[PDB]
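K.L.:
Those protein sequences? They're chains B, C and A, same order as listed. If you count by PDB author numbering, then the first sequence holds residues 1 to 148, one letter each, in order. If you count by PDB author numbering, then the second sequence holds residues 1 to 149, one letter each, in order. If you count by PDB author numbering, then the third sequence holds residues 1 to 140, one letter each, in order. We treat Cβ as the ideally placed atom computed from N, Cα and C, and that holds for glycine.
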Amino acid sequence: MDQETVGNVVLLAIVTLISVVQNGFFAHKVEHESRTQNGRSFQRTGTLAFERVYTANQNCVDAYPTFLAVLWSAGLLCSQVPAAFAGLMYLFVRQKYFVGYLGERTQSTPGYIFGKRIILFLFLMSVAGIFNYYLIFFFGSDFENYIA
Amino acid sequence: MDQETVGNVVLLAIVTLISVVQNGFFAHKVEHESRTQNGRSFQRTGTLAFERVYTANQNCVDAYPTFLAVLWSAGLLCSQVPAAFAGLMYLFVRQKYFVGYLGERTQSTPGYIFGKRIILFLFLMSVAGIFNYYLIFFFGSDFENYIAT
Amino acid sequence: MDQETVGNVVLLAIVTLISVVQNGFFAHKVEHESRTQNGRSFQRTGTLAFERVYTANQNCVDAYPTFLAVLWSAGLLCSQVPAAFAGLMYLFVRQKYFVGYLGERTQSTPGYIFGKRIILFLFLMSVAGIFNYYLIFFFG
Ligand SMILES: CC(C)(C)CC(=O)c1c(CC(C)(C)C(=O)O)n(Cc2ccc(I)cc2)c2ccc(OCc3ccc4ccccc4n3)cc12
Ligand SMILES: CC(C)(C)CC(=O)c1c(CC(C)(C)C(=O)O)n(Cc2ccc(I)cc2)c2ccc(OCc3ccc4ccccc4n3)cc12
Ligand SMILES: CC(C)(C)CC(=O)c1c(CC(C)(C)C(=O)O)n(Cc2ccc(I)cc2)c2ccc(OCc3ccc4ccccc4n3)cc12
């Protein structure tokens, strides 16, 4: 990748690598519970600390794709820096969500969803440029300067 | 993103944005179930509609990646319009599947497959340009005006 | 896609197409168990052969995203080949893992963590160029 382009994406790469790392921790806190006992042959059903964890993780796993989607499409189709930061904030809400899904009873982060607004915004940033592009395509050109 | 390039991808972006929205609906019809499922937290096995819902949705979740894969690779390596439409059609089959899952509790429908030929095609388009490239790489530069004596 | 660029990604595309195919196989060996025994909703402890399969598969399904992530970012921020080969190696570990999660009466191979170093490496490749870029940005 030519140093130039690499610039207009760096942040997105960064934030992505971050989520990639955090993504591992989530998948790590799940290994622990699998370990805490019978886990020998990674059984999915140890209850409690394992069920609450696998759930919390298997919830953020279903988000990642759809998140990354907006994350990049928004940052490319328009802005980047804003998209890049929004994506960072997501990483935090994700943390707070995953964490809040710990246990100790009580309706623990019952929500399957979470980011919402964050991806909603990222989606708009994408639906933004996606449209503004269609302009620069018609009225962006046109501008016939028949300088006869 | 230079207005030019943005063009040869717009549809892909569009279709993707679509799937992204629909994707939310899927994860929303799942939130309703855990809600109506009067209880505290959120668990993998509850009730009938919830069980059926989470399954349906958690089936399309395993799809998206492998689908987005071909969607783009097909749209980049071989014509963006045909790729974009394929993915579009795919979004529809998805709807019909997700909807048909648990809505009828009938003996047609279930499965963890959904659109097969839709991604197969997308795959081919990728395996298409991917090969035709090796021609442009190898032969695409071969001309015998060098036999010119 | 201009022939030039297509070059600096073909490997990634290829390997990606592979994992996409293998990805189908995994989801296929899951179809085999489901259709025989019953289950319109596959969320409860299924027949062993089926429970083992869906778990194995629904285990690589959580990987793919985070994998593809490093696969590309590493193959882009850091040169093509190695990143590509890395991902290729991963596809193999995947196979062995998924396969090792098959059997019957065998000590099944757990730790949903599969290919720790593989993606660790790919991650570094990314964190690599990601930094080296900041240099060329300042000290160029
Ligand atoms: C990220 C890294 C730089 C490449 C290092 C890395 O190699 C990975 C690590 C770090 C750790 C402890 C294994 C290590 O390097 O020592 N863990 C555990 C960890 C420990 C502390 C912290 I804070 C965060 C994570 C990983 C866990 C998973 C992983 O990929 C594979 C993988 C497979 C399935 C996944 C499912 C859901 C979701 C993700 C899934 N991922 C790589 C690593
Ligand atoms: C899509 C949008 C334009 C960015 C708006 C948006 O921000 C989200 C919406 C729409 C919303 C909030 C305005 C609403 O519910 O009314 N819902 C609920 C909704 C309502 C109507 C319809 I038709 C479809 C979905 C969302 C649900 C989830 C979401 O992200 C996070 C998320 C987390 C996990 C996911 C797992 C699988 C799959 C996806 C996962 N997503 C964003 C939104
Ligand atoms: C060219 C192509 C990309 C392989 C497309 C394709 O054609 C698909 C195939 C192969 C096929 C059509 C010859 C078949 O046997 O049915 N199968 C079954 C198969 C047969 C032999 C072997 I080895 C491997 C898989 C598919 C199964 C699912 C599929 O949708 C994508 C998909 C769907 C659900 C998934 C769930 C989890 C995780 C990933 C998921 N992915 C496409 C195909």
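(1) Along chain B, in chain order, which residues have C-beta atoms closer than 8 Å to that of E31/C?
(2) Can you tell me whether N59/B sits near ligand 1, meaning its C-beta is under 7 Å from at least one heavy atom of the ligand?
(3) List the residues of chain C that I136/B touches, going by C-beta distances under 7 Å, in chain order.
(4) Quick check on DSSP: helix, strand or coil for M1/C?
(5) For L135/A, does the count of other Cβ atoms within 10 angstroms reach 16, so buried, or fall short, so exposed?
(6) Just checking my contact of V70/C with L11/C at CB under 8 Å: how many whole Å lie between their CB atoms?
(7) Return helix, strand or coil for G24/C, following the three-state DSSP convention.
(8) Anyone know if the C-beta pair for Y64/A and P65/C falls short of 8 Å?
(9) Along the chain, where does the alpha helix (DSSP H) that runs through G39/C open and close?
(10) Using the Cβ count rule (16 or more neighbours within 10 Å means buried), how would you classify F123/A?
(11) Determine whether the beta carbon atoms of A56/B and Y101/B lie at a separation below 8 Å.
(12) Interface residues of chain C around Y133/B at Cβ under 7 Å?
(13) Which chain A residues are close to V70/C, counting only those with a beta carbon under 7 Å from its beta carbon?
(14) Hey, would you say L88/B sits closer than 8 Å to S126/B, going by beta carbons?
(15) Which ranges does the beta strand (DSSP E) cover as unbroken runs of at least 3 residues, wholly within the segment 32-105 of chain B, from first to last along the chain?
(16) Look at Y133/A and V30/B and say whether their C-beta atoms are less than 8 Å apart.
(17) Using the C-alpha atoms, what's the distance from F85/B back to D2/C?
(18) Any idea what DSSP makes of residue 142/A, helix, strand or coil?
(19) Give the single residue among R52/A, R44/A, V20/A, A13/A whose Cα lies nearest to the Cα of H32/A.
(20) Going along chain C in order, which residues have a C-beta closer than 7 Å to the C-beta of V127/B?
(21) How many Å lie between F92/A and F67/A at the Cα?
(22) Roughly how far, in whole angstroms, is the beta-carbon of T16/A from the beta-carbon of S73/C, given that I think they are within contact range, below 8 Å?
(23) What span of residues does the alpha helix (DSSP H) with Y134/A cover, start to end?
(24) Run down chain B in chain order and give the residues with a C-beta less than 9 Å from the C-beta of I130/A.
(25) Tell me, to the nearest whole angstrom, how far the beta carbon of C60/A is from that of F121/A; I am working on the premise that it is less than 8 Å.
(26) When the Cα atoms are used, what is the spatial distance from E4/B to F137/C?
(27) Where does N8/A sit, in a helix, a strand or coil, going by DSSP?
(28) Using beta-carbon positions only, say whether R94/C and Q22/C come within less than 8 Å of one another.
(29) Along the segment 52-68 of chain B, where does the CB come closer than 7 Å to a CB of chain C? Name the residues.
(30) Count the other CB atoms within 10 Å of the CB of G140/A; is the residue buried (16 or more) or exposed (fewer)?
(31) Please report the straight-line C-alpha distance between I130/A and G75/A, rounded to a whole angstrom.
(32) Please tell me whether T45/C and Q58/A are closer than 8 Å, where the distance is taken between their beta carbons.
(33) Report yes or no: is there a C-beta of chain C within less than 8 Å of the C-beta of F123/B?
(34) Can you list the residues of chain A that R105/C reaches, using a CB-CB cut of under 9 Å?
(35) Do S34/C and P110/B have their C-beta atoms closer together than 8 Å?
(36) Rounded to the nearest angstrom, how far is the Cβ of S108/B from that of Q107/A, given a contact under 8 Å?
P.N.:
The short version:
(1) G111, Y112, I113
(2) no
(3) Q3
(4) coil
(5) exposed
(6) Not a contact, Cβ separation roughly 15 Å.
(7) helix
(8) Against a cut-off of 8 Å, the Cβ pair of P65/C and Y64/A comes out as a contact.
(9) No alpha helix (DSSP H) holds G39/C; DSSP gives it neither H nor E.
(10) buried
(11) yes
(12) Those within 7 Å of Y133/B in chain C are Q3, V6, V10.
(13) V20
(14) no
(15) none
(16) no
(17) 22 Å
(18) Only positions 1 to 140 of chain A appear in this structure, which leaves residue 142/A out of reach.
(19) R52/A
(20) Ordered by position in chain C, the residues that pass the 7 Å Cβ test against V127/B are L17.
(21) 13 Å
(22) 6 Å
(23) Start and end: 116-138.
(24) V6, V10, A13, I14, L17
(25) Beta-carbon to beta-carbon, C60/A and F121/A are separated by about 18 Å, too far to satisfy the 8 Å threshold.
(26) Spanning the two alpha carbons is a distance of roughly 26 Å.
(27) helix
(28) yes
(29) Answer in chain order: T55, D62, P65, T66.
(30) exposed
(31) Each residue's Cα considered, the two are about 12 Å apart.
(32) no
(33) yes
(34) Residues of chain A passing the Cβ test: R40.
(35) yes
(36) Between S108/B and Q107/A, the beta carbon gap of about 33 Å keeps them out of contact (Cβ cut-off 8 Å).
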